[PDB]
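Data first, discussion second: the structure below is written as structure tokens.
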Amino acid sequence: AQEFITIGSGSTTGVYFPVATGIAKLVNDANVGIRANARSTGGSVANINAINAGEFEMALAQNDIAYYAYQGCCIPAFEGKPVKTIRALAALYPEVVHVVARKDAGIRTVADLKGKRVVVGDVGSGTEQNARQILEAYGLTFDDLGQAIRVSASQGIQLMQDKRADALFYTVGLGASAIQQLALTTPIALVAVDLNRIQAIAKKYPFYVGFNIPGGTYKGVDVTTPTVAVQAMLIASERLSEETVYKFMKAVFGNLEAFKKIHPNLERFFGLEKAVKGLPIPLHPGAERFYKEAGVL
Ligand SMILES: N[C@@H](CCC(=O)O)C(=O)O
């Protein structure tokens with residue numbers, strides 16, 4: 001318990017939080033000199049800013065946001081100043097853009113969001129970035145919305161449940177508690193996001209891939225949902241030593257069975273081979289060593 005590691009995540013009812021919490025517990029149980037804890041946050045942007053500032057040693061973040069940060073481009077949060085202090089540890093699972101709408105709000109498509117009260121994501125979230133890009137693909141801006149609300153997942157579904165919001169965006173792994181919870185109490189529907197419309201701007205944002213949310217994933221949503229997704233990644237500060245990261249990797253990913261128990265998305269989508277597939281930023285030296293020894297690299 002000599003070296004402290006705080007892992008930035010997201011809303012407590014998202015997927016980043018339980019994954020980070022599980023990862024922290026697993027590394028702590030390994031007794032390798034690391035004392036880890038997860039911290040709820042606004043998401044990808046907030047997490048990357050925290051790692052750069054030296055506040056967090058690790059964090060979960062979307063591959064697209066990590067790329068923009070490392071390159072100092074593409075989104076207002078990082079344009080003009082690259083964040084070269086972040087390194088990738090592993091690609092984890094697909095993060096799907098969920099566009100949730102109350103059935104009584106007159107919303108069947110993204111275009112219908114015009115004049116509506118929409119939760120666009122949390123402050124410092126990756127979700128907000130995707131929402132802004134997707135809305136533009138449909139000819140809209142936050143100003144065209146009735147209200148552009150930035151709150152946590154728990155606050156967001158509360159607004160939806162009390163009818164103070166009409167729709168909500170959430171770039172998150174399938175099965176997020178926040179969405180499951182909302183589906184059980186409120187009549188909701190998932191709005192589609194056309195990949196082709198997105199493809200029209202794929203040159204600016206190349207990380208989107210087509211993704212179908214299986215019918216029955218959430219209560220009351222029995223039809224499949226055609227949308228888009230990016231990739232969740234575990235990242236770390238370049239400042240962490242190779243030895244520390246290497247020990248961490250063996251304690252967390254070295255125990256694959258234990259790791260997959262952390263969340264259904266890991267059991268369903270995680271694999272060491274895919275963990276190093278199409279990474280947007282450089283792997284941390286400690287992770288490279290782990291993957292080389294595992295035969296993955
Ligand atoms: N990818 C989302 C967070 C999703 C989650 O918390 O599971 C974001 O960066 O805003």
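For the structure tokens, the naming scheme is as follows: chains receive sequential letters (A, B, ...) according to their order of presentation, residues are indexed from 1 within each chain, and ligands are indexed from 1 in presentation order.
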Q | Exercise: residue 136 in chain A partners within 12 Å, only C-alpha atoms, chain neighbours under 3 positions left out, as JSON, numbers by chain | A | {"A": [110, 111, 113, 114, 129, 130, 131, 132, 133, 139, 140, 141, 142, 143, 144, 145, 193, 197, 198, 200, 201]}
Take the residues that were just selected and, keeping C-alpha atoms, output them as a PDB file, in the first residue's frame.
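Writing the result to out-v1.pdb gives the following:
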```pdb
ATOM      1  CA  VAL A 110     -32.485  12.782 -33.729  1.00  0.00           C
ATOM      2  CA  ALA A 111     -33.963  15.536 -35.897  1.00  0.00           C
ATOM      3  CA  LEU A 113     -34.745  16.834 -30.726  1.00  0.00           C
ATOM      4  CA  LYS A 114     -35.202  20.347 -32.053  1.00  0.00           C
ATOM      5  CA  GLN A 129     -18.723  15.467 -27.531  1.00  0.00           C
ATOM      6  CA  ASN A 130     -20.528  12.662 -29.357  1.00  0.00           C
ATOM      7  CA  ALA A 131     -23.897  14.364 -28.867  1.00  0.00           C
ATOM      8  CA  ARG A 132     -22.634  17.598 -30.420  1.00  0.00           C
ATOM      9  CA  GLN A 133     -21.125  15.782 -33.402  1.00  0.00           C
ATOM     10  CA  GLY A 139     -28.452  19.592 -38.912  1.00  0.00           C
ATOM     11  CA  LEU A 140     -28.783  20.714 -35.297  1.00  0.00           C
ATOM     12  CA  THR A 141     -26.745  22.482 -32.618  1.00  0.00           C
ATOM     13  CA  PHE A 142     -27.215  22.712 -28.860  1.00  0.00           C
ATOM     14  CA  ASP A 143     -28.810  26.124 -29.437  1.00  0.00           C
ATOM     15  CA  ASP A 144     -31.556  24.489 -31.511  1.00  0.00           C
ATOM     16  CA  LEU A 145     -32.505  22.400 -28.479  1.00  0.00           C
ATOM     17  CA  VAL A 193     -28.279   7.139 -35.062  1.00  0.00           C
ATOM     18  CA  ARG A 197     -25.166  10.389 -41.848  1.00  0.00           C
ATOM     19  CA  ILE A 198     -22.226   9.947 -39.490  1.00  0.00           C
ATOM     20  CA  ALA A 200     -20.685  11.985 -44.043  1.00  0.00           C
ATOM     21  CA  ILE A 201     -18.390  13.384 -41.342  1.00  0.00           C
TER      22      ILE A 201
END
```
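Note that DSSP on the backbone gives strand (DSSP E or B) to these residues of range 155-217 of chain A: residues 167, 168, 169, 170, 171, 172, 188, 189, 190, 209, 210, 211, 212 and 213 of chain A.
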Any chance you can output those residues with N, CA, C and O atoms as a PDB file, in the first residue's frame?
```pdb
ATOM      1  N   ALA A 167     -35.271  13.945 -23.594  1.00  0.00           N
ATOM      2  CA  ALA A 167     -34.347  12.967 -24.154  1.00  0.00           C
ATOM      3  C   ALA A 167     -33.015  13.039 -23.431  1.00  0.00           C
ATOM      4  O   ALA A 167     -32.703  14.037 -22.781  1.00  0.00           O
ATOM      5  N   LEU A 168     -32.230  11.977 -23.555  1.00  0.00           N
ATOM      6  CA  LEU A 168     -30.933  11.912 -22.901  1.00  0.00           C
ATOM      7  C   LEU A 168     -29.931  11.133 -23.741  1.00  0.00           C
ATOM      8  O   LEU A 168     -30.262  10.088 -24.305  1.00  0.00           O
ATOM      9  N   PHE A 169     -28.721  11.676 -23.851  1.00  0.00           N
ATOM     10  CA  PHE A 169     -27.631  11.026 -24.574  1.00  0.00           C
ATOM     11  C   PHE A 169     -26.707  10.398 -23.546  1.00  0.00           C
ATOM     12  O   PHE A 169     -26.486  10.970 -22.481  1.00  0.00           O
ATOM     13  N   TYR A 170     -26.153   9.237 -23.874  1.00  0.00           N
ATOM     14  CA  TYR A 170     -25.199   8.577 -22.994  1.00  0.00           C
ATOM     15  C   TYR A 170     -24.346   7.639 -23.833  1.00  0.00           C
ATOM     16  O   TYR A 170     -24.850   6.667 -24.397  1.00  0.00           O
ATOM     17  N   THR A 171     -23.062   7.959 -23.961  1.00  0.00           N
ATOM     18  CA  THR A 171     -22.143   7.096 -24.697  1.00  0.00           C
ATOM     19  C   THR A 171     -21.663   6.170 -23.587  1.00  0.00           C
ATOM     20  O   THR A 171     -20.852   6.562 -22.748  1.00  0.00           O
ATOM     21  N   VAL A 172     -22.160   4.941 -23.582  1.00  0.00           N
ATOM     22  CA  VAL A 172     -21.827   4.032 -22.503  1.00  0.00           C
ATOM     23  C   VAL A 172     -21.963   2.575 -22.909  1.00  0.00           C
ATOM     24  O   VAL A 172     -22.627   2.252 -23.892  1.00  0.00           O
ATOM     25  N   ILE A 188     -39.913   4.484 -22.211  1.00  0.00           N
ATOM     26  CA  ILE A 188     -38.891   5.105 -23.038  1.00  0.00           C
ATOM     27  C   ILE A 188     -38.637   4.317 -24.306  1.00  0.00           C
ATOM     28  O   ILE A 188     -39.028   3.153 -24.431  1.00  0.00           O
ATOM     29  N   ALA A 189     -37.973   4.972 -25.246  1.00  0.00           N
ATOM     30  CA  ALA A 189     -37.618   4.359 -26.508  1.00  0.00           C
ATOM     31  C   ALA A 189     -36.203   4.808 -26.835  1.00  0.00           C
ATOM     32  O   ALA A 189     -35.754   5.859 -26.371  1.00  0.00           O
ATOM     33  N   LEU A 190     -35.495   4.004 -27.617  1.00  0.00           N
ATOM     34  CA  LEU A 190     -34.147   4.359 -28.022  1.00  0.00           C
ATOM     35  C   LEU A 190     -34.191   4.853 -29.460  1.00  0.00           C
ATOM     36  O   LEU A 190     -34.727   4.180 -30.344  1.00  0.00           O
ATOM     37  N   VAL A 209     -18.228   3.432 -35.218  1.00  0.00           N
ATOM     38  CA  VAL A 209     -18.470   2.178 -35.915  1.00  0.00           C
ATOM     39  C   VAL A 209     -19.946   1.856 -35.722  1.00  0.00           C
ATOM     40  O   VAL A 209     -20.557   2.302 -34.750  1.00  0.00           O
ATOM     41  N   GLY A 210     -20.527   1.111 -36.657  1.00  0.00           N
ATOM     42  CA  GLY A 210     -21.930   0.761 -36.536  1.00  0.00           C
ATOM     43  C   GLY A 210     -22.137  -0.218 -35.396  1.00  0.00           C
ATOM     44  O   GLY A 210     -21.293  -1.080 -35.158  1.00  0.00           O
ATOM     45  N   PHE A 211     -23.252  -0.086 -34.683  1.00  0.00           N
ATOM     46  CA  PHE A 211     -23.544  -0.983 -33.573  1.00  0.00           C
ATOM     47  C   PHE A 211     -25.048  -1.125 -33.377  1.00  0.00           C
ATOM     48  O   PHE A 211     -25.778  -0.132 -33.368  1.00  0.00           O
ATOM     49  N   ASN A 212     -25.490  -2.366 -33.212  1.00  0.00           N
ATOM     50  CA  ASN A 212     -26.896  -2.662 -32.997  1.00  0.00           C
ATOM     51  C   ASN A 212     -27.161  -3.063 -31.560  1.00  0.00           C
ATOM     52  O   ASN A 212     -26.607  -4.050 -31.076  1.00  0.00           O
ATOM     53  N   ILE A 213     -27.993  -2.293 -30.868  1.00  0.00           N
ATOM     54  CA  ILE A 213     -28.338  -2.638 -29.495  1.00  0.00           C
ATOM     55  C   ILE A 213     -29.416  -3.706 -29.625  1.00  0.00           C
ATOM     56  O   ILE A 213     -30.507  -3.436 -30.127  1.00  0.00           O
TER      57      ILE A 213
END
```
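Using only C-alpha atoms and all ligand atoms, the nearest neighbour of ligand 1 within the list A:276, A:235, A:96, A:53 is A:96.
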Q | Selection within 8 Å of ligand 1 by only C-alpha atoms and all ligand atoms, output as an MDAnalysis selection string | A | chainID A and resid 9:17 42:45 60:62 65 95 121:122 124:128 170:173 176 232
Written selection (N, CA and C atoms) as a short mmCIF file (atom, residue, chain, number, x, y, z; two decimals), in the first residue's frame:
```cif
data_model
loop_
_atom_site.label_atom_id
_atom_site.label_comp_id
_atom_site.auth_asym_id
_atom_site.auth_seq_id
_atom_site.Cartn_x
_atom_site.Cartn_y
_atom_site.Cartn_z
N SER A 9 -13.26 7.68 -13.40
CA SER A 9 -14.27 6.87 -14.08
C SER A 9 -15.41 7.70 -14.68
N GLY A 10 -16.60 7.58 -14.10
CA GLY A 10 -17.75 8.32 -14.61
C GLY A 10 -18.87 8.33 -13.59
N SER A 11 -20.12 8.50 -14.03
CA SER A 11 -21.26 8.50 -13.11
C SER A 11 -21.31 7.16 -12.37
N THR A 12 -21.76 7.18 -11.13
CA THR A 12 -21.83 5.95 -10.35
C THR A 12 -22.74 4.90 -10.98
N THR A 13 -23.68 5.34 -11.81
CA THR A 13 -24.60 4.41 -12.45
C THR A 13 -24.27 4.14 -13.92
N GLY A 14 -23.02 4.42 -14.29
CA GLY A 14 -22.56 4.15 -15.63
C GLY A 14 -21.81 2.82 -15.58
N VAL A 15 -20.88 2.60 -16.51
CA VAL A 15 -20.12 1.36 -16.53
C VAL A 15 -18.67 1.60 -16.10
N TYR A 16 -18.14 2.78 -16.41
CA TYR A 16 -16.77 3.11 -16.01
C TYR A 16 -16.58 2.94 -14.50
N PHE A 17 -17.53 3.48 -13.72
CA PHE A 17 -17.42 3.42 -12.26
C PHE A 17 -17.32 2.01 -11.68
N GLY A 42 -17.10 13.27 -14.29
CA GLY A 42 -17.97 13.60 -15.41
C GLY A 42 -17.69 12.77 -16.65
N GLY A 43 -16.57 12.05 -16.66
CA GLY A 43 -16.26 11.24 -17.82
C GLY A 43 -14.91 11.46 -18.48
N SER A 44 -14.80 11.03 -19.73
CA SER A 44 -13.56 11.11 -20.50
C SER A 44 -12.76 12.41 -20.49
N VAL A 45 -13.41 13.53 -20.79
CA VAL A 45 -12.68 14.80 -20.83
C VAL A 45 -12.15 15.16 -19.45
N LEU A 60 -10.58 5.76 -17.11
CA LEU A 60 -11.23 5.13 -18.25
C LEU A 60 -11.56 6.29 -19.18
N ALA A 61 -11.54 6.04 -20.48
CA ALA A 61 -11.84 7.09 -21.45
C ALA A 61 -12.15 6.48 -22.81
N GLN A 62 -12.91 7.21 -23.62
CA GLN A 62 -13.26 6.75 -24.96
C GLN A 62 -12.05 6.88 -25.87
N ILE A 65 -11.98 10.31 -27.74
CA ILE A 65 -11.58 11.42 -26.89
C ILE A 65 -10.08 11.36 -26.57
N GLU A 95 -18.52 1.18 -26.44
CA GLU A 95 -19.37 2.16 -25.77
C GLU A 95 -20.34 2.63 -26.84
N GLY A 121 -25.22 15.09 -21.78
CA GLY A 121 -24.08 14.42 -21.19
C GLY A 121 -23.64 15.21 -19.99
N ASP A 122 -22.72 14.67 -19.21
CA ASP A 122 -22.24 15.36 -18.03
C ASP A 122 -21.17 16.39 -18.39
N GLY A 124 -17.75 17.67 -18.78
CA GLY A 124 -16.48 16.97 -18.93
C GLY A 124 -16.65 15.54 -19.41
N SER A 125 -17.80 15.25 -20.01
CA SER A 125 -18.08 13.91 -20.51
C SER A 125 -17.67 13.70 -21.96
N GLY A 126 -17.49 12.44 -22.33
CA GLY A 126 -17.18 12.12 -23.71
C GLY A 126 -18.51 12.18 -24.42
N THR A 127 -19.57 11.82 -23.68
CA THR A 127 -20.93 11.82 -24.20
C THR A 127 -21.29 13.15 -24.87
N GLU A 128 -20.99 14.27 -24.21
CA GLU A 128 -21.32 15.58 -24.77
C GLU A 128 -20.67 15.80 -26.13
N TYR A 170 -26.15 9.24 -23.87
CA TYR A 170 -25.20 8.58 -22.99
C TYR A 170 -24.35 7.64 -23.83
N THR A 171 -23.06 7.96 -23.96
CA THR A 171 -22.14 7.10 -24.70
C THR A 171 -21.66 6.17 -23.59
N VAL A 172 -22.16 4.94 -23.58
CA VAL A 172 -21.83 4.03 -22.50
C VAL A 172 -21.96 2.57 -22.91
N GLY A 173 -21.32 1.69 -22.15
CA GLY A 173 -21.41 0.28 -22.45
C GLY A 173 -22.83 -0.21 -22.22
N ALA A 176 -25.84 -0.36 -18.71
CA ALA A 176 -25.56 0.63 -17.68
C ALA A 176 -26.76 0.68 -16.75
N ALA A 232 -14.21 1.81 -25.20
CA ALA A 232 -13.79 2.20 -23.86
C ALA A 232 -12.36 1.72 -23.67
#
```
Q: Please identify which residues in range 85-148 of chain A DSSP calls helix (DSSP H, G or I) from the backbone, and express them as a ChimeraX atom specification.
A: /A:110-113,126-137,142-144
Please produce an output containing N, CA and C atoms for each residue in the selection, written as a PDB file, in the first residue's frame.
```pdb
ATOM      1  N   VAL A 110     -33.373  11.764 -34.283  1.00  0.00           N
ATOM      2  CA  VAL A 110     -32.485  12.782 -33.729  1.00  0.00           C
ATOM      3  C   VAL A 110     -32.958  14.169 -34.153  1.00  0.00           C
ATOM      4  N   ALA A 111     -33.471  14.264 -35.375  1.00  0.00           N
ATOM      5  CA  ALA A 111     -33.963  15.536 -35.897  1.00  0.00           C
ATOM      6  C   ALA A 111     -35.108  16.099 -35.053  1.00  0.00           C
ATOM      7  N   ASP A 112     -35.872  15.217 -34.413  1.00  0.00           N
ATOM      8  CA  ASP A 112     -36.993  15.652 -33.579  1.00  0.00           C
ATOM      9  C   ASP A 112     -36.552  16.298 -32.266  1.00  0.00           C
ATOM     10  N   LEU A 113     -35.254  16.258 -31.969  1.00  0.00           N
ATOM     11  CA  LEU A 113     -34.745  16.834 -30.726  1.00  0.00           C
ATOM     12  C   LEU A 113     -34.814  18.355 -30.728  1.00  0.00           C
ATOM     13  N   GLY A 126     -17.495  12.437 -22.330  1.00  0.00           N
ATOM     14  CA  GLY A 126     -17.176  12.119 -23.708  1.00  0.00           C
ATOM     15  C   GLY A 126     -18.514  12.181 -24.423  1.00  0.00           C
ATOM     16  N   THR A 127     -19.566  11.825 -23.684  1.00  0.00           N
ATOM     17  CA  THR A 127     -20.935  11.823 -24.197  1.00  0.00           C
ATOM     18  C   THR A 127     -21.295  13.151 -24.867  1.00  0.00           C
ATOM     19  N   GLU A 128     -20.986  14.266 -24.208  1.00  0.00           N
ATOM     20  CA  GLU A 128     -21.318  15.578 -24.767  1.00  0.00           C
ATOM     21  C   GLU A 128     -20.675  15.795 -26.130  1.00  0.00           C
ATOM     22  N   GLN A 129     -19.444  15.323 -26.276  1.00  0.00           N
ATOM     23  CA  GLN A 129     -18.723  15.467 -27.531  1.00  0.00           C
ATOM     24  C   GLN A 129     -19.448  14.716 -28.645  1.00  0.00           C
ATOM     25  N   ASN A 130     -19.824  13.472 -28.369  1.00  0.00           N
ATOM     26  CA  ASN A 130     -20.528  12.662 -29.357  1.00  0.00           C
ATOM     27  C   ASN A 130     -21.886  13.279 -29.685  1.00  0.00           C
ATOM     28  N   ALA A 131     -22.587  13.756 -28.660  1.00  0.00           N
ATOM     29  CA  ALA A 131     -23.897  14.364 -28.867  1.00  0.00           C
ATOM     30  C   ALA A 131     -23.793  15.550 -29.822  1.00  0.00           C
ATOM     31  N   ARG A 132     -22.819  16.420 -29.578  1.00  0.00           N
ATOM     32  CA  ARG A 132     -22.634  17.598 -30.420  1.00  0.00           C
ATOM     33  C   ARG A 132     -22.348  17.209 -31.867  1.00  0.00           C
ATOM     34  N   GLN A 133     -21.479  16.222 -32.058  1.00  0.00           N
ATOM     35  CA  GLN A 133     -21.125  15.782 -33.402  1.00  0.00           C
ATOM     36  C   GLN A 133     -22.299  15.121 -34.113  1.00  0.00           C
ATOM     37  N   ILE A 134     -23.048  14.308 -33.379  1.00  0.00           N
ATOM     38  CA  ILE A 134     -24.193  13.617 -33.954  1.00  0.00           C
ATOM     39  C   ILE A 134     -25.317  14.588 -34.308  1.00  0.00           C
ATOM     40  N   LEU A 135     -25.558  15.573 -33.444  1.00  0.00           N
ATOM     41  CA  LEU A 135     -26.604  16.557 -33.701  1.00  0.00           C
ATOM     42  C   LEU A 135     -26.295  17.338 -34.972  1.00  0.00           C
ATOM     43  N   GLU A 136     -25.021  17.656 -35.184  1.00  0.00           N
ATOM     44  CA  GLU A 136     -24.637  18.399 -36.379  1.00  0.00           C
ATOM     45  C   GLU A 136     -24.883  17.558 -37.624  1.00  0.00           C
ATOM     46  N   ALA A 137     -24.718  16.244 -37.492  1.00  0.00           N
ATOM     47  CA  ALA A 137     -24.937  15.327 -38.606  1.00  0.00           C
ATOM     48  C   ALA A 137     -26.413  15.331 -38.991  1.00  0.00           C
ATOM     49  N   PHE A 142     -26.640  22.657 -30.194  1.00  0.00           N
ATOM     50  CA  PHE A 142     -27.215  22.712 -28.860  1.00  0.00           C
ATOM     51  C   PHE A 142     -28.198  23.875 -28.735  1.00  0.00           C
ATOM     52  N   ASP A 143     -27.938  24.953 -29.470  1.00  0.00           N
ATOM     53  CA  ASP A 143     -28.810  26.124 -29.437  1.00  0.00           C
ATOM     54  C   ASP A 143     -30.186  25.851 -30.038  1.00  0.00           C
ATOM     55  N   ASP A 144     -30.279  24.839 -30.896  1.00  0.00           N
ATOM     56  CA  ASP A 144     -31.556  24.489 -31.511  1.00  0.00           C
ATOM     57  C   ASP A 144     -32.405  23.652 -30.555  1.00  0.00           C
TER      58      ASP A 144
END
```
Do you know which residues are at most 12 Å from range 219-222 of chain A counting only C-alpha atoms, after dropping those on the same chain fewer than 3 positions away, and could you put them as a PDB file with C-alpha atoms, in the first residue's frame?
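Contents of the output file around23.pdb:
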```pdb
ATOM      1  CA  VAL A 100     -33.078   7.772 -24.878  1.00  0.00           C
ATOM      2  CA  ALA A 101     -36.404   9.504 -25.409  1.00  0.00           C
ATOM      3  CA  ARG A 102     -39.623   9.538 -23.423  1.00  0.00           C
ATOM      4  CA  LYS A 103     -42.375   7.996 -25.553  1.00  0.00           C
ATOM      5  CA  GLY A 175     -26.363  -2.596 -19.533  1.00  0.00           C
ATOM      6  CA  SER A 177     -27.582   0.669 -14.455  1.00  0.00           C
ATOM      7  CA  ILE A 179     -30.534   3.152 -18.336  1.00  0.00           C
ATOM      8  CA  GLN A 180     -31.782  -0.142 -16.878  1.00  0.00           C
ATOM      9  CA  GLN A 181     -33.270   1.773 -13.941  1.00  0.00           C
ATOM     10  CA  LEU A 182     -35.017   4.293 -16.177  1.00  0.00           C
ATOM     11  CA  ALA A 183     -36.444   1.560 -18.404  1.00  0.00           C
ATOM     12  CA  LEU A 184     -38.094  -0.079 -15.386  1.00  0.00           C
ATOM     13  CA  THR A 185     -39.956   3.039 -14.254  1.00  0.00           C
ATOM     14  CA  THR A 186     -40.607   5.062 -17.391  1.00  0.00           C
ATOM     15  CA  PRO A 187     -41.967   4.454 -20.914  1.00  0.00           C
ATOM     16  CA  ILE A 188     -38.891   5.105 -23.038  1.00  0.00           C
ATOM     17  CA  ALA A 189     -37.618   4.359 -26.508  1.00  0.00           C
ATOM     18  CA  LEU A 190     -34.147   4.359 -28.022  1.00  0.00           C
ATOM     19  CA  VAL A 191     -33.589   6.661 -30.992  1.00  0.00           C
ATOM     20  CA  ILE A 213     -28.338  -2.638 -29.495  1.00  0.00           C
ATOM     21  CA  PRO A 214     -30.080  -6.042 -29.277  1.00  0.00           C
ATOM     22  CA  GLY A 215     -33.800  -5.929 -28.612  1.00  0.00           C
ATOM     23  CA  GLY A 216     -34.601  -6.756 -25.007  1.00  0.00           C
ATOM     24  CA  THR A 225     -31.577  -0.158 -32.111  1.00  0.00           C
TER      25      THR A 225
END
```
(Q) Just the number, please: distance in Å from CA of residue 20 in chain A to CA of residue 88 in chain A, one decimal. (A)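 One can read the CA of residue 20 in chain A to CA of residue 88 in chain A distance as 14.9 Å.
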Q: For residue 248 in chain A, please output as a list in words all residues within 8 Å (counting only C-alpha atoms; exclusion window: fewer than 5 positions along the same chain).
A: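 My list of contacting residues is residues 27, 32 and 34 of chain A.
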